[PDB]
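In what follows, a structure is listed as structure tokens, so that the remarks can point back to it.
Reckoned from all heavy atoms, side chains included, excluding hydrogens, waters and symmetry mates. Chain A is the first sequence line, chain B the second, and so forth, proteins listed ahead of strands; every chain is numbered from 1.
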Amino acid sequence: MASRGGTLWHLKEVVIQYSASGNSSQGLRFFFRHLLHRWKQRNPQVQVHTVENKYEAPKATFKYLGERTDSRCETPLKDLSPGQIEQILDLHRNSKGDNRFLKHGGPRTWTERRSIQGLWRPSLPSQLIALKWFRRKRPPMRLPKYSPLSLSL
Amino acid sequence: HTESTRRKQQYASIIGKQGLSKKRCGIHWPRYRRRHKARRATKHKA
Amino acid sequence: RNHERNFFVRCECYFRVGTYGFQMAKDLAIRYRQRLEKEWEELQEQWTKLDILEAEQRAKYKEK
Amino acid sequence: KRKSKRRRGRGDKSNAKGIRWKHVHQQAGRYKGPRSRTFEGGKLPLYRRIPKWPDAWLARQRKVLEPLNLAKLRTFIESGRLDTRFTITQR
Amino acid sequence: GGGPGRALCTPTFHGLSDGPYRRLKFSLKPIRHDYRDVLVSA
Amino acid sequence: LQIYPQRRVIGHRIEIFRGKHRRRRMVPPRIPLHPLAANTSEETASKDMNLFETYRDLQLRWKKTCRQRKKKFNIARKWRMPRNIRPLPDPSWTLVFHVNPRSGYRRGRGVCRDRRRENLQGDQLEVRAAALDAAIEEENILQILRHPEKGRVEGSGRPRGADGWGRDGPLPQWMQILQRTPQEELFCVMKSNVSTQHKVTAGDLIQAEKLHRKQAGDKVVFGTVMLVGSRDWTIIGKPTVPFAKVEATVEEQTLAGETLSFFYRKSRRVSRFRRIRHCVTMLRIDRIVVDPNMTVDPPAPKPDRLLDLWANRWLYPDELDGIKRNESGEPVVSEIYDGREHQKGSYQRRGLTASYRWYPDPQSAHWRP
Amino acid sequence: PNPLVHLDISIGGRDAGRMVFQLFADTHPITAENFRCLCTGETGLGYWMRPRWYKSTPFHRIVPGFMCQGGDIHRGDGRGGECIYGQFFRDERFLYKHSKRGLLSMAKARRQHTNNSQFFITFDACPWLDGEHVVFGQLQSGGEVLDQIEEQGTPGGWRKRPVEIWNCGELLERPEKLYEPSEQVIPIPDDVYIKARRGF
Amino acid sequence: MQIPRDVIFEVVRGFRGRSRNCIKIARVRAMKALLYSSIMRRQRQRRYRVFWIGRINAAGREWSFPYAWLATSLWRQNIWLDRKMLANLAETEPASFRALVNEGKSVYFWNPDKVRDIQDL
Amino acid sequence: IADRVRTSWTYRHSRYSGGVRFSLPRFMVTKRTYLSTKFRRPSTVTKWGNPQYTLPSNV
RNA sequence: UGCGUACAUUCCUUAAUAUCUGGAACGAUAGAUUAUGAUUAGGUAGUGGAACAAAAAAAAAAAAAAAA
RNA sequence: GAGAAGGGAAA
RNA sequence: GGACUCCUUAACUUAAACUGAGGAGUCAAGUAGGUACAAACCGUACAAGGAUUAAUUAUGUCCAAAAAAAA
RNA sequence: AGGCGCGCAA
RNA sequence: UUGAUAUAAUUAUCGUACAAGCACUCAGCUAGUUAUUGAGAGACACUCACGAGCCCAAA
RNA sequence: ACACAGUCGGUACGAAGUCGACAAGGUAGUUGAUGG
């Protein structure tokens with residue numbers, strides 16, 4: 001989520017909805033007890049809020065900077081382990097968004113400068129070279145051909 | 001099928017919210033009431 | 001596997017006979033395993049110390 | 001882990017037992033062939049090829065006594081289930 | 001279907017890099033009425 | 001009635017292998033078998049007694065009912081004819097100057113097009129035959145543009161001791177002009193992977209295969225450079241440029257968007273559907289460093305902890321503070337094991353090398369198929 | 001003792017002369033045997049039913065100051081070749097460096113363990129090839145022939161005049177070491193693998 | 001079903017007529033669309049490669065050095081720039097591409113040991 | 001569950017069968033409704049997912 | 001004397017259940033996922049393993065960090 | 001230079 | 001109680017994608033390439049999955065259509 | 001009440 | 001737009017066929033059910049309990 | 001739509017300015033390579 005030499009962080013907010021009683025939130029509560037404070041300390045630029053909902057499935061909502069329409073994401077945390085929850089958190093921390101529009105492959109190089117020496121253009125010498133076919137050649141006939149009568153003579 | 005999928009989606013949308021009313025629940029009212037009774041069951045005699 | 005500290009270690013090290021030699025590879029592998037054990041013990045001690053410090057911090061916070 | 005149910009005719013990718021061979025290459029009807037336990041084709045059933053054996057089925061009818069091994073009797077005596085100081089009876 | 005040619009030997013145009021001005025359409029800006037004001041064309 | 005075996009061959013010698021046609025084991029056996037048997041003892045030992053033929057084997061050959069399924073063994077297809085390109089020449093590089101002095105091309109904001117007319121005219125001509133320091137550098141480029149042949153330098157792609165990167169003797173002292181070329185006038189070709197090449201300048205954003213155990217904000221260096229170029233010169237490596245590297249910063253360690261993969265064959269009930277998201281690393285190119293006095297990358301470092309190499313994450317400094325140290329400052333466990341990498345490329349894979357180097361590169365060290 | 005093998009070289013239809021090479025069978029038994037058998041032709045016909053023989057084979061690549069490569073017994077152009085054991089055989093040992101002129105080594109394709117009939121002779125030291133190609137022998141006589149072969153090369157690898165091995169066979173100090181060999185524990189002896197392959 | 005119903009209806013977005021909303025027709029159309037994608041994603045690499053090859057050939061012929069000779073010269077010189085990179089240099093770095101062509105010519109056009117001057121005899 | 005299916009005689013018991021392993025790319029795709037980007041891509045995003053500018057740099 | 005062309009378990013991500021892939025190993029308060037380990041993973045009929053199928057019932061929906 | 005026997009048309 | 005190509009055969013009008021035998025290869029149940037165009041011929045380091053790198057397979061190198069003729 | 005099994009060794 | 005590229009699907013069939021059969025489209029209904037009874041027999045059949053013993057019908 | 005109607009790709013800002021910009025110019029911000 002870093003840009004401008006690591007000075008702009010795209011993941012801004014994380015809101016974790018959990019149940020204080022449900023067994024499907026046991027991993028989330030374990031994460032709160034043991035790991036949440038360390039994660040916040042190592043990621044001070046993210047605002048983490050915890051909201052309790054007793055009879056609803058646990059989930060995490062991630063909000064990023066910008067208005068690209070990929071800055072809102074939601075991920076259910078039902079029955080995940082603390083390590084898996086941390087893995088999802090790190091994924092979203094390292095992303096600029098949910099990346100609907102990010103494509104694997106393509107040119108793989110985005111640039112503001114196509115060329116530093118200038119693009120290729122037709123020139124008079126090149127367009128004259130393109131008409132090489134119309135120039136005449138000198139047939140290399142090699143040694144002369146002699147008639148049997150001349151050889152006999 | 002489509003009807004079952006729609007009914008399941010609506011039930012998933014409503015069943016997890018406390019304090020609903022009969023007019024809000026519609027055809028799912030008895031199921032919602034039984035679900036809330038089961039959820040309360042743990043509070044009896046604390 | 002340490003779930004409380006979120007630390008999972010699985011060493012899959014290979015000391016190849018073609019690279020080192022049968023006996024030399026064996027010796028290096030044994031030394032590798034011994035060092036891993038020592039580091040694990042030291043890490044356990046450090047984790048206990050850090051946990052005690054965390055309890056101290058929580059008690060100090062609750063003091064307020 | 002228990003056994004998963006294997007209901008048939010619920011899609012091509014299910015691991016339930018197939019239906020295509022049953023539909024195409026199997027005889028139609030309740031019994032998938034003649035209603036019998038002996039049929040093997042036009043040839044005679046094995047039992048009808050073989051001759052009758054009256055001794056075999058009279059041996060079963062013979063009334064038999066309950067066998068007891070002297071090794072079992074010895075084990076019971078050693079463990080004390082029967083007293084050797086008195087006549088050991090069927091009771 | 002296939003033919004006398006080769007199915008996979010037909011080049012397709014594509015960009016060897018990406019950039020932000022792919023879809024920037026061309027449009028006409030207002031043009032000077034007084035090119036006599038410029039010294040080069042005074 | 002007897003079928004007589006065919007003796008002479010039409011093509012190549014037959015070879016049988018187990019299993020259906022596929023990509024399979026190809027490495028030749030560690031110890032081969034000599035085709036010729038030098039002794040009667042070797043000739044008798046050649047027989048494989050597990051294949052001793054019997055009338056039961058003959059009956060299996062001649063049976064009327066279905067025989068063994070044919071897909072268990074097959075005829076090996078014809079050998080291929082790989083080109084033996086190795087040994088390859090001594091790695092090296094060449095620097096050539098093509099400075100264009102025309103005012104129409106030296107415009108500050110940059111002409112959208114290169115001067116091909118100048119390129120062709122100059123080619124034909126050559127074939128047919130602090131302010132004061134900056135002014136001196138301008139004079140040097142002026143001299144070179146008058147005589148571009150005087151600026152041609154060939155050097156070694158591998159270290160040569162006191163000569164650094166020079167084929168014979170140290171590189172010319174004037175080669176420092178390459179350092180003063182701006183990032184907006186520099187471009188290079190570099191590898192971000194084993195077989196991926198990018199043409200990059202400063203400020204570019206490149207997608208690469210997942211760099212293991214790196215996070216957003218980390219600094220990385222790519223050391224495999226095959227071509228560098230400005231508007232005045234070009235350095236072509238054979239195959240790499242030793243004194244060039246690319247600094248980059250990781251901006252993302254993410255998954256690309258969803259992709260649907262569906263295949264099917266009609267009237268055969270055969271189909272596969274799958275949704276996939278692929279791991280990618282986005283890297284911002286910070287600068288392209290070119291330095292004729294560049295030093296060879298230091299060997300792989302010896303970590304103070306081995307557990308991190310096989311853990312799901314690096315240990316945090318609070319955990320690292322509990323490392324027992326010797327009087328000299330080294331960890332106590334170093335005596336048990338120094339920490340040298342067991343293989344080649346493990347530390348580079350984990351991101352502990354001075355830079356990422358892949359194989360065109362004389363200085364890389366990793367496994368290849 | 002170490003085998004001695006002769007290659008007779010013709011340059012453009014002229015008999016250039018004879019080069020004698022000593023093979024390192026003691027340290028490289030497999031590679032030395034392969035080269036000796038290819039020189040003598042004893043192993044007979046091969047996969048394509050052509051002799052496993054160096055007789056009438058060209059040097060398809062010559063780079064002056066670097067090396068000359070030959071031994072392609074299928075095509076003579078660099079895309080063919082085969083060893084006596086099969087198409088390819090495993091790299092044996094990188095004991096010696098390419099430390100001087102006149103050393104014999106095995107050419108290879110891109111993939112590892114692609115040693116075949118194709119070999120090359122060094123025109124000088126090639127330290128950058130150490131650990132990647134196997135040095136298995138060295139010239140003992142024929143330096144003038146090697147110089148004449150070098151005279152026909154170009155930087156691009158083209159040869160000014162064809163260079164061929166018109167005869168070859170067997171006749172009836174060492175380069176610097178990459179490391180110092182030492183005795184190793186070998187629990188399973190060599191013959192056991194062969195007996196297993198035959199089924200014991 | 002071969003593909004999930006929701007995925008089918010999401011893929012048939014933008015199609016013509018009943019194919020957008022009728023499951024029976026949308027299924028067939030989506031099957032064909034994704035099969036075409038699967039085949040063409042495997043095929044497109046060589047279609048891009050031939051484009052690179054043609055661009056390089058034109059660039060070299062501009063300097064009187066066809067692609068065949070250029071490729072032999074580079075590979076012999078131990079220059080292992082790939083086809084995409086060479087095409088990019090051709091279309092965006094003409095000076096560097098010309099330098100590459102000159103290096104290739106320097107190796108291809110070797111000279112025989114003895115040269116003959118027959119202009120005045 | 002374990003790192004891989006165990007086939008040896010020691011683990012041929014129904015107590016060792018079943019279970020699901022976790023992989024982040026697969027988790028991010030399972031149980032999520034699929035959403036195409038065909039008619040939803042912003043004009044500020046290239047078709048490769050990179051920045052795209054709607055106006056010339058001069059205002 | 002060349003070059004074009006189909007094939008990547010080179011890179012990255014998954015999977016292996018009719019007793020023989022290292023694993024009869026390393027862990028173990030219930031397996032975190034093997035970084036140059038191997039075999040590998042087209043498939044009709046047939047056979048087998050696994051993951052879902054949002055529901056209902058059950059007398060286990062608050063000993064859970066910080067905030068309130 | 002050839003079922004070059006898909007179309008054009010080449011030494 | 002299958003199809004076609006190949007080798008060797010009996011029947012046929014030394015006919016038929018004809019009929020009937022003995023063996024290999026493909027299809028059947030195997031995609032993408034060549035062979036002009038809907039199985040059976042050639043070729044494959046045969047298709048778990050993703051990607052804008054690479055290789056002399058068959059077979060090509062005037063154009064449709066990728067690929068040589070400096071001075 | 002009844003059912004199955006009950007070493008062939010020592 | 002333009003370039004390249006591609007002979008709906010399903011079933012039987014040697015045969016990847018709209019000159020073969022069904023289907024305008026869509027909603028709901030719509031087809032391997034069950035051994036207080038059978039079983040692991042070289043084409044596949046798990047799992048607990050007690051053990052030279054094991055089970056316990058009607059009531 | 002040429003299209004079982006889909007699939008892979010798919011335009012690269014400004015100088016549109018101007019009190020502009022090595023060796024020659026006959027001053028065009030024009031020009032240097034080329035006799036059988």
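- Geometry at J/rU34 and J/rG22 meets the Watson-Crick or G-U wobble definition, both required distances lying under 3.5 Å.
- Between the side chain of F/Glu209 and the base of L/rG50, at least one donor-acceptor pair of N or O atoms lies under 3.5 Å.
- For the pair F/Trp358 and F/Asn193, the tightest heavy-atom approach, listed with the atom from each and the gap, is CG-O, 3.1 Å.
- Within 4.0 Å (heavy atoms only), H/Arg42 reaches sugar-phosphate atoms of the nucleic acid but no base atom.
- If you check every strand for non-hydrogen atoms under 4.0 Å, F/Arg22 touches sugar and phosphate atoms only.
- As judged by a 4.0 angstrom heavy-atom cut-off over every strand, A/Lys137 is placed among residues making no nucleic acid contact.
- Across all strands shown, nothing is found opposite J/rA65 as a Watson-Crick or G-U wobble partner with both distances under 3.5 Å.
- No canonical Watson-Crick or G-U wobble pair links N/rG53 to L/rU35 with each of its two hydrogen-bond distances shorter than 3.5 Å.
- The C1'-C2'-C3'-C4' torsion of J/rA57 is positive, which assigns its sugar to the north, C3'-endo side.
- In this structure, F/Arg368 is positioned above the aromatic face of F/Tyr359, its NZ or CZ under 6.0 Å from the six-membered ring centre and within 45° of the axis.
- Distances shorter than 4.0 Å separate some side-chain N or O of I/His13 from OP1 or OP2 on N/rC48.
- Here L/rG25 sits opposite L/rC4 as a Watson-Crick or G-U wobble pair (both hydrogen-bonding atom distances under 3.5 Å).
- Looking at heavy-atom distances under 4.0 Å, D/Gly18 makes contact with sugar-phosphate atoms alone, never a base.
- Figure legend. L/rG49 is base-paired to J/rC12; pairs are counted as Watson-Crick or G-U wobble with both atom distances under 3.5 Å.
- The base-pairing partner of J/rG27, taking Watson-Crick or G-U wobble contacts with both distances under 3.5 Å, does not exist among the strands shown.
- A donor and an acceptor atom never sit less than 3.5 Å apart when one is taken from the side chain of F/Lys70 and the other from the base of L/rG23.
- Across all strands shown, O/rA15 remains unpaired; no Watson-Crick or G-U wobble contact has both distances below 3.5 Å.
- Ring geometry for I/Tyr16 versus I/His13: interplanar angle over 60°, hence perpendicular rather than tilted (30 to 60°).
- Both distances falling under 3.5 Å, in either a Watson-Crick or a G-U wobble arrangement, place N/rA20 opposite N/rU11.
- Looking at heavy-atom distances under 4.0 Å, I/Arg26 makes contact with sugar-phosphate atoms alone, never a base.
- For L/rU61, the paired nucleotide is J/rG2, the pair qualifying as Watson-Crick or G-U wobble because both relevant distances are below 3.5 Å.
- Residue contacts for F/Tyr347: at a heavy-atom cut-off of 4.0 Å it reaches no nucleic acid atom on any strand shown.
- L/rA45 sits 10 Å from L/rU57 when the P atoms are compared, rounded to a whole Å.
- Between N/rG28 and B/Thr2, a contact under 4.0 Å exists linking OP1 or OP2 to a side-chain N or O.
- Nucleotide O/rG20 forms no Watson-Crick or G-U wobble pair with any nucleotide shown, as no partner meets the under 3.5 Å limit on both distances.
- With rounding to whole Å, F/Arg106 atom CZ is found 17 Å from O/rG29 atom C1'.
- In this model, the phosphate group of J/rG43 is approached by a side-chain N or O of F/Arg272 to a distance below 4.0 Å at OP1 or OP2.
- Regarding A/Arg108, its CZ atom lies at a distance of 14 Å from the P atom of L/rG50, rounded to whole Å.
- Contacts of I/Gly18 with the nucleic acid, taken as non-hydrogen atoms under 4.0 Å apart, include base atoms.
- Residue A/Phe32 is classed as a base contact, given a heavy-atom separation below 4.0 Å to a base.
- Contact annotation for F/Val270: backbone-only contact, meaning every heavy-atom pair under 4.0 Å involves sugar-phosphate atoms and none involves a base.
- Within the structure, every side-chain polar atom (N or O) of A/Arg33 is placed at least 4.0 Å from both OP1 and OP2 of J/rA66.
- You'll find that the side chain of C/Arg16 is closest to J/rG37, out of J/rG37, L/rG30, N/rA9.
- Side-chain contact of F/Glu209 with A/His104: a donor-acceptor pair under 3.5 Å is present, judged by distance alone.
- Regarding F/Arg24, its CZ atom lies at a distance of 11 Å from the P atom of L/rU44, rounded to whole Å.
- Nucleic acid contact for F/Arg128: sugar-phosphate only, since backbone atoms but no base atoms lie under 4.0 Å from a heavy atom of the residue.
- In the interface, the side chain of E/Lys29 is not paired with the base of O/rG14 through any donor and acceptor atom under 3.5 Å apart.
- Between H/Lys32 and N/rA8, a side-chain N or O to OP1/OP2 separation shorter than 4.0 Å is present.
- A distance of about 10 Å separates the P atoms of J/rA15 and J/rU34, rounded to the whole Å.
- Residue contacts for E/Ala42: at a heavy-atom cut-off of 4.0 Å it reaches no nucleic acid atom on any strand shown.
- Nucleic acid contact for F/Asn193: sugar-phosphate only, since backbone atoms but no base atoms lie under 4.0 Å from a heavy atom of the residue.
- Below the 3.5 angstrom threshold, one finds no donor paired with an acceptor across the side chain of H/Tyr67 and the base of J/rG2.
- Residue H/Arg47 is in sugar-phosphate contact alone, with no base atom involved, counting any heavy-atom pair closer than 4.0 Å across all strands shown.
- Spacing between atom OH of I/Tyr16 and atom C1' of J/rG23 amounts to 12 Å, rounded to whole angstrom units.
- Applying the 4.0 Å criterion to OP1 and OP2 of O/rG6, one finds that H/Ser19 has every side-chain N and O outside that range.
- In this structure, I/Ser8 reaches the sugar-phosphate backbone alone: every heavy-atom distance under 4.0 Å involves primed, P, OP1 or OP2 atoms, never a base.
- Closest non-hydrogen pair, F/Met26 versus G/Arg111, comes out as CB-NH2, 3.6 Å.
- Atom name P, nucleotides N/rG15 and L/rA28: the rounded distance is 8 Å, in whole Å.
- Aromatic stacking of C/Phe8 on J/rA32: satisfied, with centres closer than 5.5 Å and planes within an angle under 30 degrees.
- OP1 and OP2 of N/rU5 both lie 4.0 Å or more from every side-chain N or O belonging to E/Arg6.
- Within the 4.0 Å cut-off from OP1 or OP2 of O/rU31, at least one side-chain nitrogen or oxygen of F/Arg117 is found.
- Counting distance only, with no hydrogens placed and no angle test, the side-chain atoms of I/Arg4 and the base atoms of J/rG22 include a donor-acceptor pair under 3.5 Å.
- Rounded to a whole Å, the NZ atom of F/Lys78 is 11 Å from the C1' atom of J/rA6.
- Contact annotation: side chain of F/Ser195 to base of J/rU10, donor-acceptor pair present below 3.5 Å.
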